[PDB]
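Structure record follows, encoded as structure tokens.
Cβ coordinates were reconstructed from backbone atoms using ideal geometry, including for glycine residues, and neighbour counts include every protein chain displayed. Derivation of every value follows stated rules applied to the coordinates shown; laboratory data play no part.
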Amino acid sequence: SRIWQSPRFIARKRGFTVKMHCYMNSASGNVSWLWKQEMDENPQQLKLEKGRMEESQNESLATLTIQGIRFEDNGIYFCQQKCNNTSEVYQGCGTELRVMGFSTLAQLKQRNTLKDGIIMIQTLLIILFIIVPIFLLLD
Amino acid sequence: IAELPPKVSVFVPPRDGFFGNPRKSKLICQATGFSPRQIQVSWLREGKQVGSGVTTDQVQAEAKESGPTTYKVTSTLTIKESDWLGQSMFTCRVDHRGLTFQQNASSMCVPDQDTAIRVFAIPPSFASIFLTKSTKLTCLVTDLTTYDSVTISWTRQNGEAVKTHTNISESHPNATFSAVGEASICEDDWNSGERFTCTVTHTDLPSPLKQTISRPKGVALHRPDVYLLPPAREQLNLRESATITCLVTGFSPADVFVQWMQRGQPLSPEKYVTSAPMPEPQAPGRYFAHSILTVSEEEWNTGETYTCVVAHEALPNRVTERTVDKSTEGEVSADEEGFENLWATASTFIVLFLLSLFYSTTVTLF
Amino acid sequence: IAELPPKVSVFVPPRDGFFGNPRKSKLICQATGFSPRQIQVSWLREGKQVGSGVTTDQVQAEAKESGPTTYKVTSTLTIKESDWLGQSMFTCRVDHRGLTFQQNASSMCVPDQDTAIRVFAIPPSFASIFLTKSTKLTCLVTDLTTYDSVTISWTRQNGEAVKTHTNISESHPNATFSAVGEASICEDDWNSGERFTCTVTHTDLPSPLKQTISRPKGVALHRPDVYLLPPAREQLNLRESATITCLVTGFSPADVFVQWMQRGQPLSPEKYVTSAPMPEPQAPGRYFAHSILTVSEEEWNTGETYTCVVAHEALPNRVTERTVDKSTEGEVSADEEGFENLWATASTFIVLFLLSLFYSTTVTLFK
Amino acid sequence: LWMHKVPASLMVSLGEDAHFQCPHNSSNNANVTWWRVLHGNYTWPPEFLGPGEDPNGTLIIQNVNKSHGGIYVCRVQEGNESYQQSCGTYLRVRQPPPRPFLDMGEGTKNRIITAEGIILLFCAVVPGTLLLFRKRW
């Protein structure tokens, strides 16, 4: 009711940028971010990597910015603000991020069945080099 | 005894009730409600004082109960149809208490005069019902100056009148003055859909303006499609601006409703321009629409999604929402397809074949 | 006592005499010049006498020196303005000695059945005259019927020539006639904006209604740009029918003209639809327009170039062609093409290994 | 408090039958409703999805098609008290599964291809040495 975040569930390709928004009052202090991966049910304190992660705080608006993502970023995020006049913790509804990969259903099936065929063939080459040298060198 | 001036007004005759051979007519310039007695009702025909037919009657004492004892007089100028249609200025010059009252005159039937302008009639849309439960109906009369003697009534199919109307329109720069005559109405009456009509009257025309409006029936209902097209790749190279196109296609009936959510709050209502339906070529009875939106190129390079909403009474839950940023594409499998394994096979077989040549060549030697 | 009826009439007030809150004026039921004393006066607003707002006078004598000295009476009905504009009939039924003396009256005495009609024409439109290079103009004339010597005389700046029109119709269902008056003119005169009046001559009233109409000197010039858009991926995933769209922006002034083209032959006009110009949101009035065109998708998944053209004053050759067909992808990314690029290289070294040990087992095996 | 306990997203394929739980805090005598909303700071009103099913207050959707996206929110209120709005679990209709090559991962497949290259070469060297270099003696 008081703290408001958006969007809710993002699905970006590996490589691009995302942005997240947090709207509440410019009255009692600043906002601190969190981080929480799938395993816990207790969050942590977020690191801000120099360059790769950024943050701004405009008039009635503040924003986490993240460039250059990869698979170790599957987080569920939180902007958090405890009151400075009543001392009450207020906390939003988070966001989620899940980072996709390049290929499609066409090339994935072809390379899977293809390279399965390749490893079948070269394992048959191990069959040739496990039958021929022992039988031949043992005469 | 106060010097009360009268109301000088030539009660003009109609053009049909004429008697005599040649056909004659009276001019009654009845100015009453004046004290004291002194008045000079001098008939001027085109500025020239009339002597023929001037019947200046007795200045009778109005024995009024309040105020001073005022007076009344009823002058009479007998003219002809050769005088009434003679196109002369029959000025009822009243020199009441030394105050000359040149009553301007006319010598025909006077329509007003030759001009008729414009009027609109906006039906209430479907999306202006399920928002506010406030089923208005208006009719904008416009393109005039805000004067008095306007009246915007409303007649049903029965010809009876309905409710009045406030907030009549205001001062406008380019003589683009107007008015908004609204009246409330029930909903199932509008759904039954008979011809509601508004009429207007000014001191501009002798003509009513029978603007008719209703709801047509009989049309079918069809779900629409939505697609969303990312911008023109040539247009990025010009380094100025982008476009986006919403597109709805193949629905029934008209009256669709769109707007744009980005960042969480909707846009201003002037960054984006919609369109009106026009009939489909292929299907016999459907329509389409457009929606355009422009932002710069620093904006569209940096994430910053956009979303389209539609609104239509036949879509099965009234609202859908499609969204295209830049790359929301890229099918399943978050993690795998790897990075380590591929570069690994690259390096291992490029070293391994160079470590196969010197094995094969000595086999070609011995 | 000479039993004499009064001169029964009703004199109407002027239209601009309604004042007060609400704006009101009055009436006169002139029943004057009557003897004997007995008279009855009754108004009727549409078959009903209104009670209030009535000032009926008394039976009072007139200034007469000889003859039977008659009497005068005058009822005065205070009325409202919107009621008087509302075309209500007002009858003051006088009953002098019980004799019905009516005067049906209102304020609507316009009617004009006459001959002087509106006479105009469309200008030579930039869409039409581009096709034939044949700038002409057609005098639109109604509110006139078939008389003799119905003339369409396009006078010039100071009264010059006109081709006499042919191919006349029949009369309209509302008895007027389409004087279909055309004339071809020079090519740069309207481009220089000359004054062309459709001076007419008719049998009943030969009044030439003139039209000092020229090219509207004004709006400046901008080349439109043409950005053809390819269809949508979900739409072909439906694999029913697609929608190419040719889109123009920013031209000045309005009245642009498009038509599709493929293989040189034109398409049917019932296929493709366009729209009128709309005002532009951001800039001043540099308008935009669009055009949608269905296909068969089984037509679309083959080739078939499909070009668009355009027609503006700003364009020097007045024709530009653009086309994109089925495969104009345009730089998806670089690490994707590097990705399957690199995997293609690894597959290449694999099969080169299998050939290599084909050879190194071939030489030893062929002893 | 409990207003975040429901997970953020959920994976459901086509045609499946769903599950939704809303772990309330009050004492079991409330009214349980489900509602479906839009993006945020919405201007169009939501609509009543459905009442409760079981004393667990579960919500079950059958016959999932590709038009069943959208944020689902539980609203529960007991009497004239305050009403509870959750944060809601987003849904994406994700059918198409690969025919699974479960007996390896492909990150594990091609490293087995490389080590198989090493073992096949080192296995491939020495009998060609032993034959013609044990032949002439």
- Query: Can you give the angle from 0 to 90° between the axis of helix B:340-365 and the longest principal axis of chain B, with both taken from C-alpha atoms, to the nearest 10?
  - Reply: 30 degrees
- Query: For segment B:57-202, what's the radius of gyration and Dmax over Cα atoms, in angstrom?
  - Reply: 24.4, 70
- the protein assembly as shown, helix-only ellipticity at 222 nm - DSSP H runs n ≥ 4, -39,500 (n - 2.57), divided by all residues, nearest 500: -5000 deg cm²/dmol
- Query: Over all residues in D:123-135, what is the mean tally of Cβ atoms on other chains that come within 10 Å of each residue's Cβ?
  - Reply: 4
- Message: Below 17 Å, Cα to Cα, which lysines can C:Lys136 reach? Residues fewer than 8 away in the same chain don't count.
- Response: C:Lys163
- Task: Using per-residue counts of other Cβ atoms within 10 Å, averaged over each peptide, order C:175-182, C:124-131 from highest down.
- Result: C:175-182, C:124-131
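Stokes-Einstein at 20 °C, 1.002 mPa s, Kirkwood radius from Cα pairs: D for segment C:56-142 in µm² s⁻¹? Working shown, then result.
Working: Rh = 19.9 Å.
For these conditions, the coefficient is 108 µm²/s.
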- Note on the structure: Using the Cα gyration tensor of chain B, the equivalent ellipsoid's semi-axes, largest first and to the nearest Å, work out to 84, 23, 20
- Query: In degrees, nearest 10, range 0 to 90: what is the angle between the Cα axis of helix D:106-133 and the longest Cα principal axis of chain D?
  - Reply: 10 degrees
- Filter on B:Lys7/C:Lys64; A:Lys82/B:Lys326; B:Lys64/C:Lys72; A:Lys115/C:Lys367; B:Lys48/B:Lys80 - keep pairs with C-alpha separation over 25 Å: B:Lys7/C:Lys64; A:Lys82/B:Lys326; A:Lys115/C:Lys367
- Task: Could you state the angle between the C-alpha long axis of helix A:105-137 and the longest principal axis of the C-alpha atoms of chain A, as a value from 0 to 90 degrees rounded to the nearest 10?
- Result: 40 degrees
- Message: Using the Cα centre of the protein assembly as shown as the reference point, and only Cβ charges (+1 on K/R, -1 on D/E), how large is the resulting charge dipole? Debye, rounded to the nearest 20.
- Response: 1620 debye
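Considering the convex hull of the alpha carbon atoms of the protein assembly as shown, report its projected area averaged over all viewing directions, in nm², one decimal.
Over all viewing directions, the protein assembly as shown projects a mean Cα-hull area of 71.0 nm².
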- Query: If you keep only loop residues by DSSP, which trypsin sites (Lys or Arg not before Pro) in segment D:1-67 have at most 15 other Cβ atoms within 10 Å of their Cβ?
  - Reply: D:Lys5, D:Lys66
- Sorted on mean Cβ neighbours within 10 Å (highest first), peptides B:220-230, C:297-307 come out as B:220-230, C:297-307
- Item | Amide H partners (placed H, <5 Å) of C:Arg322, local residues excluded | C:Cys308
- Dividing the alpha-carbon radius of gyration of segment B:268-363 by 2.2 N^0.38 Å (N being the number of residues), what value is obtained? 2.20
- Task: Compute log10 of I(q)/I(0) for segment C:7-105 with the Debye formula, placing one identical point scatterer on every Cα and leaving out solvent, at q = 0.17, 0.19, 0.23, 0.25 Å⁻¹, to two decimals.
- Result: -0.75, -0.89, -1.18, -1.33
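Which loop-located GluC sites (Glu not before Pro) does segment D:1-94 contain, where loop means any DSSP state but H, G, I, E or B and the Cβ has at most 14 other Cβ atoms within 10 Å?
Counting only loop positions with at most 14 other Cβ atoms within 10 Å, the GluC sites (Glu not before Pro) in segment D:1-94 are D:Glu16, D:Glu53, D:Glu81.
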- Task: Could you point to the residue in B:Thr166, B:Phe251, B:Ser347 farthest towards the positive end of chain B's charge dipole, with +1 and -1 charges on the Cβ of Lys/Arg and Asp/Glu respectively?
- Result: B:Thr166
- Principal axis box of segment B:116-217, alpha-carbon based, largest edge first, Å: 38, 29, 21
- For segment C:24-83 and segment B:248-311, what is the separation of their C-alpha centers, rounded to whole Å? 69 Å
- May I ask you to order B:320-328, B:83-91, C:233-241 by the average number of other C-beta atoms within 10 Å around their residues, highest value first? B:83-91, B:320-328, C:233-241
- Item | For segment C:189-244: rounded, prolate or oblate by the Cα gyration tensor [a/c cutoff 1.5] | oblate
- Task: Pull up the DSSP beta bridges for the protein assembly as shown and report the antiparallel fraction as a percent, rounded to 5.
- Result: 95 percent
- Message: Quick check: the distance between the Cα centres of segment A:1-47 and segment B:87-153, to the nearest angstrom?
- Response: 62 Å
